[PDB]
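Okay, structure first, notes after.
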Amino acid sequence: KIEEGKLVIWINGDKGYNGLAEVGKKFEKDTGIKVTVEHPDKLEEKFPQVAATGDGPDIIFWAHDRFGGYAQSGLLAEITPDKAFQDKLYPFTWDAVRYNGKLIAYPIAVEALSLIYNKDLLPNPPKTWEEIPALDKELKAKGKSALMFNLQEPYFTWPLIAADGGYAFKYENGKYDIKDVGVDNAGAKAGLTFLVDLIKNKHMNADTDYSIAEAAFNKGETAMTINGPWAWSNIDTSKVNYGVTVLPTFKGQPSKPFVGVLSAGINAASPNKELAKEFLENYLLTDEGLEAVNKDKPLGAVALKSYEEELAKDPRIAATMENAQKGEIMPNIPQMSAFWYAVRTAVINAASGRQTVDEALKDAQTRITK
Numbered sequence: 001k002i003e004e005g006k007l008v009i010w011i012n013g014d015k016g017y018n019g020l021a022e023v024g025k026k027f028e029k030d031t032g033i034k035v036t037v038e039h040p041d042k043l044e045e046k047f048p049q050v051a052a053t054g055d056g057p058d059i060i061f062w063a064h065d066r067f068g069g070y071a072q073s074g075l076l077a078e079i080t081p082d083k084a085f086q087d088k089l090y091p092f093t094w095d096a097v098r099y100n101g102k103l104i105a106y107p108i109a110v111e112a113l114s115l116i117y118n119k120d121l122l123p124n125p126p127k128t129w130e131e132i133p134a135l136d137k138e139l140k141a142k143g144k145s146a147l148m149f150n151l152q153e154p155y156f157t158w159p160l161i162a163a164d165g166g167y168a169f170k171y172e173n174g175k176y177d178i179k180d181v182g183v184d185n186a187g188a189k190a191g192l193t194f195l196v197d198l199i200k201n202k203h204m205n206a207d208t209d210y211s212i213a214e215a216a217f218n219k220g221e222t223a224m225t226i227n228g229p230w231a232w233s234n235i236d237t238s239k240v241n242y243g244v245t246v247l248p249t250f251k252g253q254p255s256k257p258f259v260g261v262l263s264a265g266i267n268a269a270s271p272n273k274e275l276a277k278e279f280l281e282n283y284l285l286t287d288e289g290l291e292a293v294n295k296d297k298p299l300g301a302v303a304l305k306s307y308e309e310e311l312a313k314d315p316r317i318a319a320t321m322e323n324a325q326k327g328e329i330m331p332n333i334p335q336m337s338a339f340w341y342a343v344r345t346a347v348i349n350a351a352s353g354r355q356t357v358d359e360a361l362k363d364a365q366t367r368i369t370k
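Heads up: the sequence shown at position 201 corresponds to 201 in mature numbering (1 follows the signal peptide of the UniProt record, and there is no 0), and the numbers run straight through without jumps.
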């Protein structure tokens with residue numbers, strides 16, 4: 001039971017606060033409803049504290065992965081965006097926020113991975129995964145390494161398997177297959193095989209993580225680095241020209257790194273569903289509101305086509321959104337998240353040498369089909 005007549009909004013992201021806060025003010029100005037915007041980071045540890053007591057915000061934002069636990073806990077209220085919004089919602093992302101064949105959530109922001117590399121040093125990046133350890137090899141004798149993936153965590157080992165195209169990479173005439181299981185493919189096995197073998201070959205480091213790479217970036221321990229665009233904010237400490245290319249190679253043909261679409265829900269414990277309703281439909285999912293939020297967050301973030309139509313004007317973002325279709329949208333489905341975690345444990349058991357690639361993806365398969 002959340003207090004009536006109030007709108008508490010737990011925003012989720014690096015910034016975006018002022019943008020959404022100003023939108024919250026506009027809501028309060030027109031409705032008279034007191035709006036409180038905040039960002040209690042570490043929801044993984046903090047959210048449960050209010051979730052288990054029937055408390056929390058009225059509106060709350062989650063990552064494509066983290067959201068699955070939000071709906072799983074049963075704190076997600078039914079959400080029905082304006083019919084026009086559902087039309088402006090692309091099938092790729094509109095289905096991504098469904099569950100049990102029902103629309104349960106709405107997207108707010110779109111992010112994707114990539115291959116960030118030192119362009120000044122090597123303007124020609126690895127064309128494929130076989131050319132990743134090629135640069136680790138050249139630096140191997142130099143006491144350095146090109147690849148700086150988080151390998152202690154499954155962050156950059158899960159998509160390593162998926163990158164090959166044998167796992168979590170489907171397409172059917174404007175649709176995606178998230179019912180099949182990819183870990184049983186040799187392509188999926190190859191990705192995990194690459195991990196383990198290249199660790200033994202002293203090109204990859206299972207110990208390397210965010211904090212190690214971050215320190216390496218600030219200290220300048222290596223001549224170059226290969227990592228995602230999320231780590232680029234730490235990579236660019238060197239103040240040199242870093243370039244970007246396609247990280248994954250899908251059946252021998254690269255296209256576009258996987259696209260993680262952030263989404264938000266409404267607290268079931270909120271009696272203020274009408275306040276979240278009006279805010280959502282009138283403000284949050286309005287081009288003006290999306291622009292306000294993207295005042296602090298990257299402009300690439302988009303909820304509706306109606307805003308993507310304005311992003312089409314941007315030579316760079318338009319091309320990104322076009323190429324985004326060449327990848328796959330990550331659904332916020334609770335079951336899909338659990339299916340990913342099945343592999344996220346497999347990649348670590350194999351990296352640590354607890355079990356083989358076959359055994360690792362065997363256990364993953366079982367967990368996915370469970």
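Cβ atoms here follow ideal geometry from the backbone N, Cα and C, with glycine treated the same way.
Less than 6 Å between C-beta atoms, sequence neighbours within five positions excluded: which residues of the same chain meet that for residue i?
| i | result |
| --- | --- |
| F339 | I368 |
| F156 | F149 and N150 |
| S233 | none |
| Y99 | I333 |
Cutting at 8 Å between CB atoms, please list the residues of its own chain near residue i, excluding the five before and the five after it.
| i | result |
| --- | --- |
| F250 | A163, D164, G165 and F169 |
| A269 | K1, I2, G54, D55, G56 and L75 |
| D82 | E281 and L285 |
| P271 | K1, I2 and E4 |
| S114 | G228, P229, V244, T245, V246, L247 and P257 |
Determine the extent of the beta strand (DSSP E) in which residue i is found, giving its start and end residues.
| i | result |
| --- | --- |
| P107 | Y106 to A112 |
| residue 371 | Look at the range of the chain in this structure, 1 to 370, and you will see that residue 371 is not part of it. |
| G243 | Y242 to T245 |
| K34 | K34 to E38 |
| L7 | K6 to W10 |
| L115 | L115 to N118 |
| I60 | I59 to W62 |
In chain order, what residues of the same chain have a beta carbon less than 7 Å from the beta carbon of residue i, not counting five sequence neighbours either side?
| i | result |
| --- | --- |
| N323 | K256 |
| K202 | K140 |
| residue 377 | The question about residue 377 has no answer, for the chain in this structure spans 1 to 370. |
Can you tell me whether residue i is buried or exposed? The criterion is at least 16 other CB atoms within 10 Å of its CB, across all chains shown.
| i | result |
| --- | --- |
| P315 | exposed |
| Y167 | buried |
| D87 | exposed |
| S211 | exposed |
| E45 | exposed |
| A231 | buried |
| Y171 | exposed |
| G220 | exposed |
| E78 | exposed |
| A84 | exposed |
| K179 | exposed |
| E328 | buried |
| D120 | exposed |
| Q253 | exposed |
| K175 | exposed |
| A52 | exposed |
Considering residue i, what are the terminal residues of the alpha helix (DSSP H) in which it resides?
| i | result |
| --- | --- |
| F279 | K273 to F279 |
| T249 | That residue, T249, is in no alpha helix (DSSP H); it is neither H nor E in DSSP. |
| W94 | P91 to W94 |
| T31 | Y17 to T31 |
| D87 | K83 to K88 |
| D358 | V357 to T369 |
| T320 | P315 to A324 |
| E309 | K305 to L311 |
| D287 | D287 to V293 |
| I333 | It is not in any alpha helix (DSSP H) - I333 carries neither H nor E in the DSSP assignment. |
| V50 | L43 to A51 |
| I212 | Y210 to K219 |
| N234 | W232 to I235 |
| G69 | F67 to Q72 |
Does the region 263 to 282 come close enough to the region 97 to 110 that 3 or more CB-CB pairs lie under 8 Å? yes
Is it the case that the region 36 to 44 contacts the region 3 to 23, given that we only count it when at least three CB pairs across the two stretches are under 8 Å? yes
Inside the region 136 to 202 only - alpha helix (DSSP H) runs reaching at least 4 residues: 158 to 163 and 186 to 200
Cβ contact check for the region 113 to 130 and the region 201 to 215: 3 or more pairs under 8 Å: Because the criterion of three Cβ pairs below 8 Å is not met, the region 113 to 130 and the region 201 to 215 do not touch.
Is the number of C-beta pairs between the region 17 to 32 and the region 233 to 242 that are closer than 8 Å three or more? Judged by Cβ distances under 8 Å, the region 17 to 32 makes no contact with the region 233 to 242, as fewer than three pairs qualify.
Stretch-stretch touch, CB-based, cutoff 8 Å, three pairs: the region 107 to 119 with the region 291 to 301: yes
If we count Cβ pairs, one from each stretch, closer than 8 Å, do we get three or more for the region 286 to 294 versus the region 134 to 145? no
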